[PDB]
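A.B. asks: Coordinates for the following, if possible.
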Amino acid sequence: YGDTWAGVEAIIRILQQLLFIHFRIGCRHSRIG
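C.D. replies: Residues are numbered from 1 along each chain as shown. Dropping the coordinates below:
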């Protein structure tokens, strides 16, 4: 709940989740290897 921790732990979630899509996008859309 502390604005810094909680605030960062909250953004850390979507940033990771969204930093994950590139792996679900690349390794799925261009896995021609």
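
A.B. asks: For residue 22, identify the helix or strand it belongs to.
C.D. replies: helix 3-29 (DSSP states H and E).

A.B. asks: Show me what that helix is packed up against.
C.D. replies: With contacts defined as 3 or more Cβ pairs under 8 Å, 6 or more residues apart in numbering; DSSP states H and E, helix 3-29 has no helix or strand neighbours. For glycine as for every other residue, the C-beta is placed from the backbone atoms N, C-alpha and C.

A.B. asks: Centre of the chain to that helix, how far?
C.D. replies: Centroid separation between helix 3-29 and its chain, computed with Cα atoms, centre = their mean, to the nearest Å, is 2 Å.

A.B. asks: repeat for stretch 25-33
C.D. replies: That offset, for stretch 25-33, works out to 18 Å (Cα atoms, centre = their mean).

A.B. asks: Any idea how many residues pack against residue 7?
C.D. replies: Residues lying near residue 7 (other Cβ atoms under 10 Å) number 11.

A.B. asks: Over to the one 4 residues further on?
C.D. replies: The tally of other residues near residue 11 (other Cβ under 10 Å) stands at 10.

A.B. asks: roughly how far apart are residue 26 and residue 19?
C.D. replies: Distance from residue 26 to residue 19, counting by Cβ to Cβ, to the nearest Å: 12 Å.

A.B. asks: now swap in residue 33 and tell me
C.D. replies: Using Cβ to Cβ, residue 33 is found at 22 Å from residue 19.

A.B. asks: The two: who's more crowded?
C.D. replies: residue 19 (10 against 4).

A.B. asks: Contact partners for that one?
C.D. replies: Not one residue lies near residue 19 by Cβ atoms under 8 Å, 6 or more residues apart in numbering.

A.B. asks: quick one: it from residue 11, how far?
C.D. replies: Distance of residue 19 to residue 11, given as Cβ to Cβ: 11 Å.

A.B. asks: cool, residue 32 as well?
C.D. replies: 34 Å.

A.B. asks: And for residue 3?
C.D. replies: 12 Å.

A.B. asks: Also residue 22?
C.D. replies: Separation of residue 22 from residue 11 (Cβ to Cβ) stands at 17 Å.
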